[PDB]
Amino acid sequence: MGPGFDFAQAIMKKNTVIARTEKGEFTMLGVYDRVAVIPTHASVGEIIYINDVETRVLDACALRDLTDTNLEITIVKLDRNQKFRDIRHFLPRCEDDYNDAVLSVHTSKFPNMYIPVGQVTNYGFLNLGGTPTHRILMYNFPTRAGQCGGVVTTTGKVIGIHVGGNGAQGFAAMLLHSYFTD
């Protein structure tokens, strides 16, 4: 509908795959080369399905901050025959709040889904399904099951991935440039 949705659609079309684990189907954001991200609660193993193709997992790392607190981000390196467009220059360097964000999902259940979630708060600490979690972004939209792994963007920034909700608010794990230096 506008330049927020334009940037979101550009990321979805080139930089997402459908990831299936034993815990279900997730939006997965490809960041560069064969490196992607997914919520840690997807419980990535030695094998994962990518767009319904059996794929070896070359490495998987559940990130934690230097307080040793969950960040709910798993960085995955896929045994895929094709690289992702490098989008690391669209990642924020620092924790921040944002205006006018879009949450975008693409699964078998929710294809081509885009949600204007509005203002995003640097919320910080959240008890997420019983796990103390840091670097949480919050938006005031009643997000539903099936949205986990959804990409949170503003015009020109990829800021987070959706990791849960309380029925009234939705929560994303921050993406920071420093996660993906090589």
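Overview of values
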quantity	calculated
Zone residues, region 56-91, relative to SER178, backbone N less than 16 Å from point 7 Å out along Cα-to-Cβ	63-73, 91
Relative contact order of the chain, pairs being alpha-carbon contacts under 8 Å that are 6 or more residues apart, as %	22 percent
Sparsely packed GluC sites (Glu not before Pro) within region 23-122, loop by DSSP, other Cβ within 10 Å at most 12	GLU46, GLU95
Percentage relative contact order, region 16-84, counting C-alpha pairs under 8 Å, at least six apart	33 percent
Charged-residue dipole, Cβ positions (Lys, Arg, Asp, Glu), region 32-154 about Cα centre, Debye nearest 20	260 debye
Translational D in µm²/s for the chain (Stokes-Einstein at 37 °C, 0.692 mPa s, Kirkwood Rh from C-alpha pairs)	204 µm²/s
Rounded to whole Hz, the Karplus (6.51, -1.76, 1.60) HN-Hα couplings of region 167-178, x for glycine and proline	x, 10, 10, x, 10, 10, 7, 4, 9, 10, 3, 4
Sorted by Cβ neighbour density within 10 Å, fewest at the top, the residues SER43, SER108	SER108, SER43
Stretch gain in nm, segment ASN51-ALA145, where the contour uses 0.36 nm per residue and the Cα spacing is subtracted	31.9 nm
Inverse of mean 1/r across different Cα pairs in region 16-84, Kirkwood, Å	12.1 Å
Zone of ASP97's modelled label, taken as backbone nitrogen in region 108-151 under 14 Å from a point 7 Å along Cα→Cβ	118-124, 137-140
Order of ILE161, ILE136 - criterion: other Cβ atoms within 10 Å of each residue's Cβ, fewest first	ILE136, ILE161
Kirkwood-Stokes translational diffusion coefficient of region 87-182, alpha-carbon pairs, 10 °C, 1.306 mPa s, µm²/s	118 µm²/s
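A quick note on method: Cβ atoms are made from the backbone with ideal geometry, for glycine too, and the neighbour counts reach across all protein chains shown. We did not get these values from a lab; they are worked out from the coordinates using the rules stated.
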